[PDB]
Protein chains: 4
Amino acid sequence: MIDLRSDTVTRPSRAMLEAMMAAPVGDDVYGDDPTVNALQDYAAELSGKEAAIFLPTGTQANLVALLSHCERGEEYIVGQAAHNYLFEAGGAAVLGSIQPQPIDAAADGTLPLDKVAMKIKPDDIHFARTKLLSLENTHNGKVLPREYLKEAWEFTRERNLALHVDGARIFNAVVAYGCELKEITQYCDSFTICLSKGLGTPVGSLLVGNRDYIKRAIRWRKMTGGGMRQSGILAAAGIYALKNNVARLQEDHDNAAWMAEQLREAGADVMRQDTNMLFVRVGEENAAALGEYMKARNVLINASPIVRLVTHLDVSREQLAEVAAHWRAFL
Amino acid sequence: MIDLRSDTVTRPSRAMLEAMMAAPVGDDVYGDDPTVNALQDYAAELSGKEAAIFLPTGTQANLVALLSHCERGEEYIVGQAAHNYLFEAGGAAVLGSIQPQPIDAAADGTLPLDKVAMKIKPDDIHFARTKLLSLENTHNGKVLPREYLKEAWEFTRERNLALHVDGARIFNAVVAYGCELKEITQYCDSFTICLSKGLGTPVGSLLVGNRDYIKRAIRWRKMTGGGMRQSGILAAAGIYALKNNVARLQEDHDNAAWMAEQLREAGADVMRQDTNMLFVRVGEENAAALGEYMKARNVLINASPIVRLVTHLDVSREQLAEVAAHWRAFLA
Amino acid sequence: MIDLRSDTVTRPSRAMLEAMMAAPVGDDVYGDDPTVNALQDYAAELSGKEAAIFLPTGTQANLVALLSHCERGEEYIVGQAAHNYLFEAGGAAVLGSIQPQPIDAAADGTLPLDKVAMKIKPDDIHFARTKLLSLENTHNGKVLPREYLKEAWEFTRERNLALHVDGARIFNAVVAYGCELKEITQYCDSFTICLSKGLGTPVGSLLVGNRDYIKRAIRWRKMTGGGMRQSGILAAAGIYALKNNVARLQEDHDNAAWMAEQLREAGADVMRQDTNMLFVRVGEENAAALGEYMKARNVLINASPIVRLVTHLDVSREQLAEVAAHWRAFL
Amino acid sequence: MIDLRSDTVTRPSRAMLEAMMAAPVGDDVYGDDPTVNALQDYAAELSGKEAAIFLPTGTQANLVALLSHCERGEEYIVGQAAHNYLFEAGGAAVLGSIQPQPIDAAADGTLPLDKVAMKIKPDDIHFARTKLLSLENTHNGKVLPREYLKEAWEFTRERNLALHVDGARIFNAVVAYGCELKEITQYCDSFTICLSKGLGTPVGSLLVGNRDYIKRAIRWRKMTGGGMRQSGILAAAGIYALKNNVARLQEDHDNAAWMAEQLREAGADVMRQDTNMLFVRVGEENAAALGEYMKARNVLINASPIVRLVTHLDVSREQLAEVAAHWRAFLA
Ligand SMILES: Cc1ncc(COP(=O)(O)O)c(CNCC(=O)O)c1O
Ligand SMILES: Cc1ncc(COP(=O)(O)O)c(CNCC(=O)O)c1O
Ligand SMILES: Cc1ncc(COP(=O)(O)O)c(CNCC(=O)O)c1O
Ligand SMILES: Cc1ncc(COP(=O)(O)O)c(CNCC(=O)O)c1O
């Protein structure tokens with residue numbers, strides 16, 4: 001089965017599984033789980049921050065992050081297509097009583113600071129209270145330019161705004177930068193790390209920031225239902241992935257780039273390729289038919305007028321070649 | 001004192017006051033106040049709708065309106081510069097647990113239906129549940145084209161979305177249309193009426209829609225703190241304004257149009273005028289200075305790089321001419 | 001028409017009306033209404049507090065008050081039968097994201113401090129954050145003992161809790177105390193004043209506390225929809241009532257006490273009488289019939305197995321005597 | 001290390017671990033994980049209900065449950081000491097916009113229906129809208145009498161109220177009843193199952209009810225952050241526990257009962273024992289000292305004036321005897 005629906009579909013490797021079953025656990029609510037502590041300590045150190053916490057999903061990681069930054073009546077500026085506004089059911093507004101202020105991102109995935117400044121509300125009773133700027137890196141595969149990350153950092157400091165980045169695929173960005181995570185994370189107050197995607201764990205995300213911030217995050221994680229007990233078995237997979245699965249993300253990027261070439265040669269309208277993602281403009285007429293066509297040959301895609309293809313450790317170039325041939329035959 | 005800050009600054013006429021003090025009242029919570037009932041019934045009748053309720057402010061009118069349309073987890077599509085998203089402290093999200101979906105309005109004040117359709121969320125657990133489209137008419141004075149109001153009404157029917165319009169200045173649009181309120185209101189499920197602006201009452205707004213909708217709205221008005229007792233004394237001004245102050249809104253429109261002509265001649269950068277509003281592009285350097293200059297001559301404006309001037313029944317053309325002369329002197 | 005449903009049914013006197021129509025107004029949002037300012041300044045001075053604001057209803061006064069005291073996730077301890085928990089549709093929870101912690105009040109209308117202390121949550125992620133103690137005075141007519149008001153004040157200070165009192169009928173308490181409002185309000189951080197009841201205005205309530213507190217209250221009043229424009233016409237009635245209608249509340253108390261005597265003589269089960277309220281235990285069998293019986297003779301009551309009778313400036317003893325005679329005939 | 005803090009501290013057996021690592025997984029968001037589906041289908045089948053969902057915690061299971069039962073402005077009647085009111089940071093009110101109506105439970109852990117009826121709000125705009133009655137079984141170890149569960153189910157039908165039970169320790173009750181889960185679960189619309197306690201899994205709870213209810217619950221689980229991917233590896237432990245660790249809960253009950261007997265003999269004030277829990281009245285002066293005394297001998301308790309001791313598969317009777325000896329020495 002060839003699955004290009006997302007990098008979320010990754011399955012645990014055997015070495016990862018062996019690490020999961022061998023790890024010492026405890027009750028994380030009591031803070032007694034040594035493996036969860038180790039993962040959190042390692043993630044904080046690796047990113048140059050004071051503290052971190054384990055969460056079941058990236059969705060809760062952002063929900064807890066927004067709650068920890070923004071009070072009732074406060075507002076976060078965010079991308080119209082950003083996950084913690086668009087793809088989390090409006091949790092920040094619905095559950096958190098937080099005003100979302102979405103704006104269109106630039107082509108490079110960046111939220112233009114000139115547009116952000118126009119959205120910063122004056123201290124007047126008619127407006128919500130602008131408190132947070134939320135970024136996404138990578139955003140649909142796109143690696144935000146390093147120069148912007150600095151500019152956004154200084155800007156938020158000058159405007160007394162917090163800066164959070166959704167780093168569900170921040171390690172995809174890191175190897176695209178060719179730098180250390182530390183050199184990127186310095187330009188944010190808090191950020192997330194998804195472990196259950198490209199890094200290939202079955203479950204888990206990380207929220208990392210300063211000590212007092214994370215302390216509040218522990219309260220909100222509890223209320224939202226993320227306070228697990230012996231979650232060290234999951235954290236074990238996270239530790240393994242951070243130490244073994246970061247560098248090999250380059251393979252996913254090369255594969256996606258390779259796949260874009262093959263579909264371009266096959267006559268498909270490849271819109272763009274970024275890291276481990278590639279977007280093909282299939283016909284609205286052809287969308288449903290392509291999905292069914294691929295499904296019949298045991299290839300799984302999310303059928304859509306614009307199809308997103310996502311590479312990961314559970315899809316090789318040999319498998320990509322098979323899909324590309326099916327796509328070619330389809331056209 | 002010349003006040004061009006807003007039409008909210010309007011004060012009660014002698015006749016409006018005499019109507020307030022003569023009006024029969026009761027406890028509105030028990031529904032025993034004959035004057036607000038009369039106002040609500042009259043507003044519903046005038047708009048071809050089933051029911052209406054009196055509210056203390058237009059802000060609550062919209063807050064209650066969004067609460068009544070959208071459940072927890074549901075979403076309303078709205079303008080980035082629209083009032084019930086931008087100028088009400090985000091109440092719908094903060095108090096109502098409603099996801100806001102703002103989009104840029106077109107130059108004519110309309111929310112382009114092609115972008116609205118792109119913002120309608122699929123029935124998937126990742127998205128909020130799109131339920132409502134909210135419009136604003138007038139929007140910063142701008143009168144929405146009638147053809148769009150029909151198109152938007154039809155569009156929402158096709159997508160099974162509700163349609164609410166912020167009609168704080170809907171009567172300004174009505175006389176600009178030259179039609180009846182009903183002929184505009186037919187293109188929405190619910191809409192608001194502000195009474196405390198151009199119509200010139202001290203307090204009050206109306207929310208009007210169908211019977212079941214308004215019944216839910218009564219529950220939300222109670223929770224938000226708008227369930228008043230003898231508000232008939234306030235409603236009386238509303239009845240008077242609906243019957244006496246609608247036609248003369250043309251005066252405010254002509255004044256704004258005249259002032260725009262006058263300010264252009266005085267050397268000011270007049271950007272646009274729509275109904276009873278006028279927008280001048282003043283220097284950021286000159287913004288604060290102009291305000292202070294005008295304040296020292298008993299003229300009140302909201303000092304800003306872009307100044308919004310709003311005409312109303314408490315500012316005459318003679319007064320506009322006086323202000324225009326001060327503006328001319330300021331630019332010399 | 002004789003109306004004993006509530007003191008809310010009071011209608012403006014002519015002198016009050018003449019004051020309403022003569023008062024100077026402005027836009028309160030801009031803070032330009034001199035009459036609203038005068039009322040707020042007078043109420044703050046009279047209560048020994050720094051600031052006050054005008055609101056459309058007592059319900060919003062409490063909703064705004066709870067919002068201004070309690071953040072998202074914080075908790076207020078309150079009576080099970082208290083208005084800002086029971087009779088405001090759960091606004092604090094539904095709109096304000098505030099945990100209510102209701103407890104049974106004592107017979108005297110007091111919330112026992114030993115029970116309050118047991119409800120103060122430890123600083124643990126499993127619990128909401130206890131922040132506020134809310135009192136009600138009067139509570140169903142009952143005047144809370146002065147000694148308790150002090151004890152509750154010291155207790156909340158020692159426990160670092162805020163103390164709010166619903167003073168919708170606090171002036172009924174004041175004349176029952178025979179003291180000044182100032183001597184009662186010293187034992188709270190914030191409190192409310194309803195003007196549209198016994199004081200007899202058509203519309204209005206007041207929220208009064210410290211300067212920073214009220215500043216936050218202005219923001220929440222805006223969001224909740226209480227930011228009126230030329231509300232000076234309503235505030236004018238408030239000023240008149242504070243200066244003319246406080247002392248005469250004694251008449252309402254004497255009338256209610258007199259009425260309790262008459263119904264007791266007529267064979268009705270009068271449960272208790274407090275200030276301008278009295279509660280009669282009519283049959284559940286007789287409840288609907290009594291309501292209809294009184295309605296036919298142009299007497300309005302809230303028909304119920306326990307009927308609450310409320311006196312006010314629009315009901316005299318001559319009218320009370322008529323009702324008592326109807327009640328006597330009914331039995 | 002002797003841990004009597006809670007049954008949450010249970011660790012995976014070798015066989016449970018081997019089941020986890022052998023289990024087929026997929027993306028649960030896409031619904032492609034065969035093991036959680038198997039667990040959910042099995043839990044629904046076992047309880048005579050239509051559907052079930054896997055959740056990371058019991059807290060989210062209840063939060064999602066209340067969200068799915070009660071809309072914004074609606075109310076759930078619940079115990080003052082109940083978990084989904086007291087021990088979940090008030091999530092239902094804070095996140096869910098749900099009015100909580102707590103009442104004191106009776107000594108037997110039941111919410112007396114006469115007080116419940118007194119808390120059911122009339123359909124009036126002054127009140128929240130009573131919609132749900134939430135129970136807890138077991139409640140601090142206490143097994144709710146079967147007759148009450150039937151009475152409460154019937155009562156809620158008559159009042160058109162929903163009935164949810166917090167069944168974090170429902171299987172402890174089941175073996176205490178000596179009946180089948182179905183025979184208990186029939187008296188509710190929805191209920192929860194914690195897997196990470198007495199059943200001994202590292203992570204997981206279940207929410208089970210009817211198809212439409214659970215479908216709504218899936219939306220709320222997503223928003224609250226419980227929509228995991230390959231959680232089948234976690235669900236595998238749940239399947240193992242349901243099939244192997246239910247009957248042996250009797251062991252925990254006998255242990256707690258034995259410990260209560262043993263501690264009474266040692267001179268401790270044993271207040272009560274119910275299923276796998278035991279409550280001792282220690283001095284407030286001795287509370288902190290006892291904890292430190294036990295901690296220094298590798299015995300973990302939650303030091304408190306009233307100490308809750310909880311037995312589980314990771315504490316033997318031999319270990320209980322050791323602790324009882326330390327307690328005896330402490331009191332001498
Ligand atoms: C940028 C980003 N942020 C947050 C999340 C949320 O992660 P969870 O699914 O673990 O909650 C996702 C997953 N989005 C779906 C996908 O890309 O396939 C994401 O892509
Ligand atoms: C279009 C619109 N809608 C709603 C409101 C809110 O009404 P209240 O302020 O009475 O709540 C206003 C007033 N907005 C401020 C102004 O234009 O001066 C408005 O202009
Ligand atoms: C103690 C108390 N507090 C607050 C309120 C709310 O006031 P509004 O009705 O102005 O919102 C009331 C009115 N309660 C209804 C009655 O006693 O008749 C009340 O009695
Ligand atoms: C009855 C009950 N319900 C729900 C929960 C919440 O489960 P999670 O902690 O897995 O979210 C607990 C655990 N309460 C803490 C204890 O008894 O140790 C509980 O005892």
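Lettering of chains follows the sequences in order, A, B, ..., and the numbering in each one begins at 1. Values reported hereafter were calculated over all heavy atoms of this structure, with side chains retained and with hydrogens, waters and symmetry mates removed.
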Problem set entry | D:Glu74/D:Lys131 salt bridge by N-O under 4.0 Å criterion | no
Exercise. Does D:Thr192 reach the main-chain N or O of D:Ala61 with its side chain, forming a donor-acceptor pair under 3.5 Å?
Worked result: no
For this session: Go through the atoms of A:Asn302 and report whether side chain, backbone, both or neither lie under 4.5 Å from a heavy atom of chain D.
Result: side chain
Problem set entry | Note: A:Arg14-A:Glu18 ion pair, threshold 4.0 Å (strictly below) | no
Exercise. Between A:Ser205 and chain D, which part of the residue has a heavy atom less than 4.5 Å away: side chain, backbone, both or neither?
Worked result: neither
Exercise. With a 4.0 Å cut-off, would you call D:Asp32 and A:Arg5 a salt bridge?
Worked result: yes
Exercise. Relative to chain A, which of D:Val64, D:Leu55, D:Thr10 shows the most heavy atom pairs under 4.5 Å?
Worked result: D:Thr10
For this session: Please look at A:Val29 and chain D and tell me whether the side chain, the backbone, both or neither of the residue comes under 4.5 angstrom of a heavy atom of that chain.
Result: neither
For this session: Could you have a look at D:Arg11, D:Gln60, D:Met228, D:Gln230 and say which one has the most heavy-atom pairs with chain A under 4.5 angstrom?
Result: D:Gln230
For this session: Count the heavy-atom pairs under 4.5 Å between each of D:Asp27, D:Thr8, D:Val203 and chain A, then report the option with the highest count.
Result: D:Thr8
Problem set entry | Heavy-atom pair count under 4.5 Å with chain A, highest-scoring of D:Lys197, D:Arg72, D:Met223 | D:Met223
Problem set entry | Residue, of A:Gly58, A:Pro202, A:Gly90, A:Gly227, that accumulates the most heavy atom pairs under 4.5 Å with chain D | A:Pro202
For this session: Could you have a look at D:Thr57, D:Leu63, D:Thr59 and say which one has the most heavy-atom pairs with chain A under 4.5 angstrom?
Result: D:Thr57
Exercise. Between A:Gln99 (side chain) and A:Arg129 (backbone), is there a donor-acceptor pair under 3.5 Å?
Worked result: no
Problem set entry | D:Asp28/D:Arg221 salt bridge by N-O under 4.0 Å criterion | yes
Exercise. Is the D:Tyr76 to D:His164 ring centre distance short of 6.0 Å?
Worked result: no
Exercise. Side chain, backbone, both or neither: which part of A:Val9 has a heavy atom under 4.5 Å from chain D?
Worked result: both
